[PDB]
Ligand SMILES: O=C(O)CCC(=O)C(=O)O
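Below sits a lone chain in structure tokens, taken as the form deposited without the named molecule.
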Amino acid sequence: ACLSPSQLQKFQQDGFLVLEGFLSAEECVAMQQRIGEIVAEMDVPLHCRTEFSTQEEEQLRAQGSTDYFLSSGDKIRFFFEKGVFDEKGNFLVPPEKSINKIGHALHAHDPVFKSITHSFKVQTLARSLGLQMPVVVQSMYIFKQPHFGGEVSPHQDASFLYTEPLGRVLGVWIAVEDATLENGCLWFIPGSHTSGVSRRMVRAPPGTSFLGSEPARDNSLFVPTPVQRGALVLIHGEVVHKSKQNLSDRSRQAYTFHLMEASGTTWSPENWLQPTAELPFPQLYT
């Protein structure tokens, strides 16, 4: 759908905006169903396929893992929960119960997610926001598995998807399932999106690292945004947000993608994600 002038100001004020009912139940279920099929056909990545003996083993595993992620910008790959593994690198429960996320080109290589992503609803919302040349830089599906579904510590999306100038990358988060206080809903600091980023993640000339550091911020400045299935949350590139671990007996599935306004904008050559000749960042508008 489409933004009223009061919704638009509320977004510039807060750095996020909750639009309940953005997608229908059946759109949500389309996503849940295709992600099931993708997970059912998942092959366990080479680096997770082996127990490790030593320090020399855990570092070679850690590197293939880095390689896998870095080259995942134009793929549909699988990223597993940090702590679903034992002392010697083995899965504690089956890998299909242990996925944390899938990324980072669902919007390009899956017909269902491409559909949702380039839908009329999204294209019209983007026009309300006034994006000239929005392109889709990234997408991903977050499972937030029950009981151990990982927390996401406070951050700003621009720390990872940096551009000159700032104010050019926008996050879209769609709730495929109900997001509650219990199961890992998002939290923001409203108004935190107006003094740049404290930290960025950079890629090596193979590897990643951080410039700067995330400051400490009083937990009391975060507000919860629980929402029902189908809600869309808009996320400014610089708003500070987090999610707690899912301590509940049900997941908190979500699909998210990021838009960059390509007009006058420089994508940092140091970002982990770079467009390939196979998939340059595709235009949103069709």
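Residue positions are given as counts along the sequence shown, with the first one as 1.
Below, we refer to the form solved in complex with the named molecule, which is not included among the displayed structures.
Using a 4.5 angstroms limit between non-hydrogen atoms, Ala126 is distant from the named molecule in the deposited complex. Within this chain, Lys121 is remote from the site of the named molecule in the deposited complex, having no heavy atom within 4.5 Å. Not displayed here, the named molecule is approached by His155 to within 4.5 Å at the level of heavy atoms in the deposited complex. Under a 4.5 angstroms non-hydrogen atom cutoff, the named molecule in the deposited complex lacks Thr225 among its neighbouring residues. Screening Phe78, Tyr162, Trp173, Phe113 for any heavy atom within 4.5 Å of the named molecule in the deposited complex leaves a single hit, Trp173. This chain is drawn without the named molecule; in the deposited complex, the residue among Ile35, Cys28, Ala231, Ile235 with a heavy atom within 4.5 Å of it is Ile235. Stretch 236-244 is the contacting one of 35-43, 215-223, 236-244, 56-64, since its residues have non-hydrogen atoms within 4.5 Å of the named molecule in the deposited complex. With contact defined as any non-hydrogen atom lying within 4.5 angstroms of the named molecule in the deposited complex, the contacting residues in 252-285 are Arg252, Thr256, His258, given in sequence order.
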